[PDB]
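Visitor: First piece of the complex, coordinates kept as in the full assembly:
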Amino acid sequence: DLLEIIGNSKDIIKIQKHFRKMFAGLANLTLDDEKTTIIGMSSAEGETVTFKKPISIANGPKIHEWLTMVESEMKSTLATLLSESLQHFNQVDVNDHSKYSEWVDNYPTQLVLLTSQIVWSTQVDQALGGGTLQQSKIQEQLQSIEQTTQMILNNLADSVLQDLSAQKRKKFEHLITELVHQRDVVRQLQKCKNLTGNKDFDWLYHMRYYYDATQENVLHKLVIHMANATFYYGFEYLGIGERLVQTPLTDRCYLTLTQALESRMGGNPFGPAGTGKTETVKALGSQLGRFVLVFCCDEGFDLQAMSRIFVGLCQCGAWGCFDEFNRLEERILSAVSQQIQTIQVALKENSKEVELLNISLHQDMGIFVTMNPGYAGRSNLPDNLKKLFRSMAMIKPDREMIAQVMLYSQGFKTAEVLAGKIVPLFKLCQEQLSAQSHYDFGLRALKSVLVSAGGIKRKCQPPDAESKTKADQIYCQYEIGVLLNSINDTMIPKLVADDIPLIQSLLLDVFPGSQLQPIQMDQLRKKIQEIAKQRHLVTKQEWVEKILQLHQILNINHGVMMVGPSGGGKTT
């Protein structure tokens, strides 16, 4: 691939594909009509950032030369652009959602979130003060901040309802997620009476972001703090990608990993499958603007490709995250484990060079390994890495809270309740329905129904003291309905016959005054019965229903698996 790249050095259109392999979020460079100079960079989701200093690929520069330059304008442009966004937001009427939303668009998803966290940090710092402000006061400062955001959230809480791009949609969804973290943290701070101020650990515990313009280098302008560890933003373009819900397990994990990086030790989150392990290491790297590479171990693993990759991990100072590490052939486990040991002993010592199989060692690099827990409290890491890693236990992800924020960003206004109901629901189906090997009631699955509920809510239309009450109740049941709609669309179709009365019954317990609706494909139903008579097929209600589940699902996933015992009606 390097060769292909080199040769087609000037015929860029041909290299594009390989970018997803050298940059976290940069997927394609935007060229000029003549295709002779790079004007910017595109993300996989379609977002675009035009560089401040255009780069020419004709003027002379060879392959590495001009790529080394894009890498710089990437960082350069984003850093500069962050300042401009700080200056923009710095002057904007939070309530005027117009000029506000007007600002979210002038900048990359990546920066809008930082510009948001930089402010919040600084605002909270002032509220707490220099440790000389009667509680009551600081407490007022927080209500202010705590309330202000909750406002901004509502607006955004309505925007995601309005029709807009998948690009812009994921950007607000992201901001709805970060903003819930901001208020949630402040809320904590509000339950805190005796506060020391800008320095009370109830606040230094969290990750805060400080921008100090009165600093030479644009890169070195943003500095991230968490507890007592300090980081420089790497300014690697991430595109829109994903954001996790900063759940309390997440922040507890950020604290252990940042402390490990700060101690020049590796990260080792462990726990069962589906708890948010690899995903969290990915959100942290994205938070400090790093390039995070995840390596899948449960597969044919290339040792030879690893050697080559450790070299670039060390040279770029990028992050290597080995997923399900121990699910690796004992021989390769020792191979890689021995290489990690030489790099990690190198980091600990602080050397600027590594002796692997001398090379330069970027101080910002980091190795992370995830796996299931060991025997009775013991770690599954290999002896040689045990005293070189800081482990973090991730056994119970905060499902309720993930579901909740996850829905709020989808538009739902009763997300607190809905999440308190859809989570015990999944827990029940998981243990009170046939044990078919294909049922999946994990987080990922739980999120699919929430994201679908979202789309579905975009296609639906909602309907003295005693008044508000009726009114709330109505709107309330309205969203409950939207959630059941996704329950029927993506859940019961995979369920096997005997497990449909069980689910429908359960669903009733959790959503008392609301019941499953019949599918309204009035058109298709007729056509299907039009063909059924021709083919001699007895058109049965439970049978036509399945075809409609197929047509439904096919309008979503491009890959479907019709399943069941022989002569069950699949083919027909």
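Guide: The structure has been received and is ready for your questions. Residues are numbered from 1 along each chain as shown, chains lettered A, B, ... in the order given.
Visitor: CA only for contacts and neighbour counts going forward, please
Guide: Fine.
Visitor: Count the neighbours of residue A:497 for me.
Guide: Using other C-alpha atoms under 10 Å, residue A:497 has 10 neighbouring residues.
Visitor: longest single strand anywhere in chain A?
Guide: Longest strand in chain A, counting residues (DSSP state E): strand A:48-56.
Visitor: How far away from the center of its chain is that one?
Guide: 27 Å (C-alpha atoms, centre = their mean, to the nearest Å).
Visitor: swap in stretch A:395-406?
Guide: On C-alpha atoms, centre = their mean, the centre of stretch A:395-406 falls 13 Å from the chain's centre.
Visitor: next one: stretch A:375-388
Guide: 29 Å.
Visitor: CA-only coordinates of it, as CSV, when you get a sec.
Guide: What follows is stretch A:375-388, C-alpha atoms only, in CSV (Å, rounded to 0.1, in the frame of the first residue of the first chain):
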residue,chain,number,x,y,z
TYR,A,375,-9.2,-15.8,38.3
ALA,A,376,-10.7,-14.7,41.6
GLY,A,377,-9.5,-11.0,41.6
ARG,A,378,-6.3,-11.8,39.8
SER,A,379,-5.2,-9.9,36.6
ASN,A,380,-5.1,-11.6,33.2
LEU,A,381,-2.2,-9.5,32.1
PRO,A,382,1.1,-11.5,31.4
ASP,A,383,3.5,-11.5,34.4
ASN,A,384,6.0,-9.3,32.5
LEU,A,385,3.3,-6.5,32.1
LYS,A,386,1.6,-6.8,35.5
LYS,A,387,3.8,-4.2,37.2
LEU,A,388,3.8,-2.0,34.1
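Visitor: neighbouring contacts of it?
Guide: Stretch A:375-388 has contacts (C-alpha atoms under 8 Å, 6 or more residues apart in numbering) with A:265-266, A:326, A:334, A:337-338, A:340-341, A:344-345, A:371-374.
Visitor: and with 7 Å instead?
Guide: A:265-266, A:341, A:344, A:373-374 (C-alpha atoms under 7 Å, 6 or more residues apart in numbering).
Visitor: From the residues you listed, pick the one nearest residue A:570.
Guide: When these are compared for distance to residue A:570 (C-alpha to C-alpha), residue A:373 wins out at 41.4 Å.
Visitor: while you're at it, add chain B from this line:
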Amino acid sequence: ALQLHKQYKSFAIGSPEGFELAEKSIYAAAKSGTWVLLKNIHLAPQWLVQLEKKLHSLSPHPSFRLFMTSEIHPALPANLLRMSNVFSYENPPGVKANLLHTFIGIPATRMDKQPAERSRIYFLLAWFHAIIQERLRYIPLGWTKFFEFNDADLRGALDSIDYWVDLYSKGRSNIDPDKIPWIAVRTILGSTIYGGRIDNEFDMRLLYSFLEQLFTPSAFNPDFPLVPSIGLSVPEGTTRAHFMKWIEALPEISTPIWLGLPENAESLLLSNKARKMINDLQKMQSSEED
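Guide: Putting chain B together with the chains above:
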């Protein structure tokens, strides 16, 4: 190897390169008559089968000595153990023995530097480390599972202490125990260093129990109790030597009361060992019959 004075040659088993250079340097090491050392050969379960067969019919010279190293791991073939003089290594019991092992890694050079309160803090760290590790021999009373609080945790905890002491007193001969952010100290050590590995919500409850007991300002007050029932309290001192002389005067035997557990915790332990033994004698007596 140093002490004795003889060509020495180590090697860590696990790599591809590791296997060959070894079945050579060692082979040669034999006729010459020098020493060799493989470490963690257990990582090569499908390898010693060979090293065994070889070493067996590998007549050497008197002065030779092939020192291997391992962890009680079932991959080791019998023949390998049977053809050598096995030597077993176990962390002896007791808080006093625990403290001495910890101190080998706390050089007077690091511990004795200002503030004078630095040393007292290092001692509290060491005593903490001893308590949570001695309670490991009382599972499930001491802890719910076997958490591997290792020596690196201590080092890391010292790095953390050192950070805060250098922030609030860097250059001074004394630090104020109340100006220090103890909640910050306890949290880094509890949730990040020693407690990251805990997956239970009550074992975390227990670790902070000890953290909050030993890392608070009042712990610097003279005559701070560690084990009241026995009259043992923290010693006044500002140098490693002051603290070592206190350690060395402790009984070799510690009782669960030292660890915040009832004494009868020892009864369960002494019984489980009585069962393990009776159970063992019964095996080596069954076959002898069958």
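Visitor: The contacts of stretch A:375-388 again please, this time with chain B.
Guide: With C-alpha atoms under 7 Å, 6 or more residues apart in numbering or on different chains as the test, stretch A:375-388 has contacts from A:265-266, A:341, A:344, A:373-374, B:145-148, B:152.
Visitor: and chain B, which residues reach chain A?
Guide: B:14-15, B:145-148, B:152, B:184, B:192-193, B:196-199 (C-alpha under 7 Å from any C-alpha of the partner chain).
Visitor: Figure out the helix or strand that residue A:172 lives in.
Guide: Assigned by DSSP states H and E, residue A:172 belongs to helix A:166-190.
Visitor: Tell me the buried residues in the lengthiest helix in chain A?
Guide: For chain A, the helix reaching the highest residue count under DSSP state H is reported as helix A:63-89. Buried residues in helix A:63-89, counted by 16 or more other C-alpha atoms under 10 Å in any protein chain shown: A:66, A:70-79, A:81-83, A:85-86, A:89.
Visitor: What is it packed up against?
Guide: Applying 3 or more C-alpha pairs under 7 Å, 6 or more residues apart in numbering or on different chains; DSSP states H and E, we find helix A:63-89 packed against strand A:48-56, helix A:109-128.
Visitor: Mind putting these into JSON lines with distance to chain B and mean neighbour count?
Guide: Formatted as JSON lines, those follow (distance: least, C-alpha to the nearest C-alpha, whole Å; neighbours: other C-alpha atoms under 10 Å in any protein chain shown):
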{"stretch": "strand A:48-56", "distance to chain B": "38", "mean neighbour count": "18"}
{"stretch": "helix A:109-128", "distance to chain B": "17", "mean neighbour count": "20"}
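Visitor: between those, which gets nearest to residue B:204?
Guide: Here helix A:109-128 is closest among these (C-alpha to C-alpha), at 29.4 Å.
Visitor: Residues contacting the closest one, please?
Guide: Helix A:109-128 is contacted by residues A:82, A:85-86, A:104, A:138, A:141-142, A:171, A:175, A:182, A:197-198, A:208-211, A:238-240 when judged by C-alpha under 7 Å, 6+ apart.
Visitor: what are the phi and psi angles of residue B:177?
Guide: Backbone torsions of residue B:177, given as degrees, to the nearest 10, read phi -60, psi -10.
Visitor: Now do the helices for the stretch 151-300 of chain A: every range, in order, please.
Guide: With DSSP state H, counting those that start in this stretch as the criterion, the stretch 151-300 of chain A has helices at A:166-190, A:201-204, A:248-262, A:277-287.
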